[PDB]
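Have a look below at one chain only, the form deposited in one PDB entry, in structure tokens format.
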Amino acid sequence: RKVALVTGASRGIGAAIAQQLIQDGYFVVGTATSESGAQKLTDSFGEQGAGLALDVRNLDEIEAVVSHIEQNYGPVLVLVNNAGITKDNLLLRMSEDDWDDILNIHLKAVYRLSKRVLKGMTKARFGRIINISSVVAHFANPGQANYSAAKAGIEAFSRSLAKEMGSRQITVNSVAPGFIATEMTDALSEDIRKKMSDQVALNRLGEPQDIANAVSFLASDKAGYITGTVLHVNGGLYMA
């Protein structure tokens, strides 16, 4: 079984992606922010995956995790960079930390993990790098300058890497979710959530499985001629 690495697989979009790639036939290593989180992933995946703890802000941990996968399971041939943490603020309340942490978790992590898996994909002459971006990289809102800059940077990074790796048949793409229902949108008010769905042409929030379906498509042999693109999964919230 080819190995897929899905960061942030504990819940929501990351969990749905990891479960779908298992259904597709991959051996899935999912990462969590803690050891207890990783054990819960290990329990859930059984025979067909493994859970590992990973702080994606940490280069040493990134390297230790990929080395561990290589030693125990095989080369990482599908990499899904999945982060959703936000630190929103209007610009003159947006601190240095709020800026730096979001750029590090989202964009620097994509640079570091993509770099680290290139060797094994190159040797296999097969690879899928699939980056979770956001509608926000294209549909501007106040208070999200750091998240928006990080996600747009990810999409541009992906285009340049797609050009570098294309001749060896490795594809590099992004999936850009719109408003996806999560445990915290469940926590929002009824009214705030309606204000969200009224902007969506399909008139509803999406589900984590919608994003997992798009990632599964790109990771499969049905998408072997797609590289350097953004796959928008937002119900018509943003159309391009």
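Numbers for residues come from their place in the sequence shown, where the first is 1.
Keep in mind that the form solved in complex with a small molecule is not shown, yet the notes after this line are about it.
- Each of 54, 85 and 147 is positioned with at least one heavy atom within 4.5 Å of the small molecule in the deposited bound form.
- Between the options 69, 212, 180, 50, the residue in contact with the small molecule in the deposited bound form by a heavy atom within 4.5 angstroms is 180.
- When contacts are judged by a 4.5 Å heavy atom cut-off, residue 105 counts as touching the small molecule in the deposited bound form.
- By the criterion of a heavy atom within 4.5 Å, residue 80 is excluded from the residues contacting the small molecule in the deposited bound form.
- Contact check for residue 13: a non-hydrogen atom falls within 4.5 Å of the small molecule in the deposited bound form.
- Among residues of the shown chain, residue 33 is one whose heavy atoms approach the small molecule to within 4.5 Å in the deposited bound form.
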